[PDB]
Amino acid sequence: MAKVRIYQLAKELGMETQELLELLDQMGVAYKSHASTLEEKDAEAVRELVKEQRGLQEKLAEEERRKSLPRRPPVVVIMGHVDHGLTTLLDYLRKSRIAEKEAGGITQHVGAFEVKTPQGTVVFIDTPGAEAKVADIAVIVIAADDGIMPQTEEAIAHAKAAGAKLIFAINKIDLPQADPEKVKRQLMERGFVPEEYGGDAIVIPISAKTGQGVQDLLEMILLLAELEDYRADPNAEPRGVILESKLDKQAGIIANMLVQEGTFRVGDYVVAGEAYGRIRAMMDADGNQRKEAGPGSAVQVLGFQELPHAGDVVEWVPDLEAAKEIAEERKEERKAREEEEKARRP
């Protein structure tokens, strides 16, 4: 401190000579060389300025990082004619992760399940949809033998309405009457031109029965997820969607929720449409109790006081009172629109 030479102060602060000499020029402190002695008040000023500038750097670098949100996994729904092997595909995907279980032990149905690959994790909504936005991607399954049917065209229209990206999966490619070329013509008739022919429709041959092609579907999902670059903020206000709800004799009202933003925690108050409660417990697809559920997580939630509806947005609220006010304001507004039916003009 009193008195320090510039090369000594540099060592102490971990700076290179020329950096400290630059700083002193910025401060207007004259010196002959790095061997010169500094007045105590100059050295002190240097120490303060360097501390601050380093504070500031760090603040800045933190900000740059914090504003880059982590990846969230792609959410996928499987759709198409119920006879075209949807459940066989879902089942196949559910098994490629119980290889030869732990185990075990243990599994729960919580509305969605995860498929892990070296390239990343995919979230599949459980039970195909006939049927808020839930899925990023809809896989439209079409049997090679049967071709595009009315259920197929409804699945396509619902997926498009919901804003999902389509992947066409032509299944049963090993039946003797399998005709994928016919399916592709049917697709092109409908404005879906396969990439093969220079169009934008993604078309993938699979067999849900043997699993042939299934790894290519997963790779394609993950590639699209990399390009769309799906991300979410785990510290935003928690937001989810109800996938389904039911009564348990033993447990009471249960609901499956998929988390989209923020992180829900046990003890949080939530409102979903007109239903509300305090999260008493959350259980994931492995049957584990979780204290927290962040983006992409599907969990069974205990604590709702009435059955929430499928597709309703789950919102964090600060307290019980807020939860009751929000749910109630929605209830009396619904009655209002309904009362705009009983009166005039039925």
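Sequential numbering from 1, following the sequence displayed.
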{"item": "Where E131 meets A132 in the shown sequence, the number of deposited residues left unmodelled", "value": "4 to 9"}
{"item": "Average Cα temperature factor in the PDB entry - higher stretch of 73-81, 86-94", "value": "86-94"}
{"item": "Of 305-313 and 44-52, the one with larger mean CA B-factor", "value": "44-52"}
{"item": "Highest recorded Cα temperature factor - choice among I106, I254, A275, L224", "value": "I106"}
{"item": "Peak C-alpha temperature factor (PDB record), options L24, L9, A323, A336", "value": "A336"}
{"item": "Position of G191 among the chain's modelled residues by C-alpha B-factor, lowest, middle or highest third", "value": "middle"}
{"item": "Where the record places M149 (Cα B-factor, split into thirds across the chain)", "value": "middle"}
{"item": "Chain thirds of CA B-factor: placement of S297", "value": "lowest"}
{"item": "Relative C-alpha B-factor of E261, binned into the chain's lowest, middle or highest third", "value": "lowest"}
{"item": "CA B-factor ranking of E62, expressed as a third of its chain", "value": "highest"}
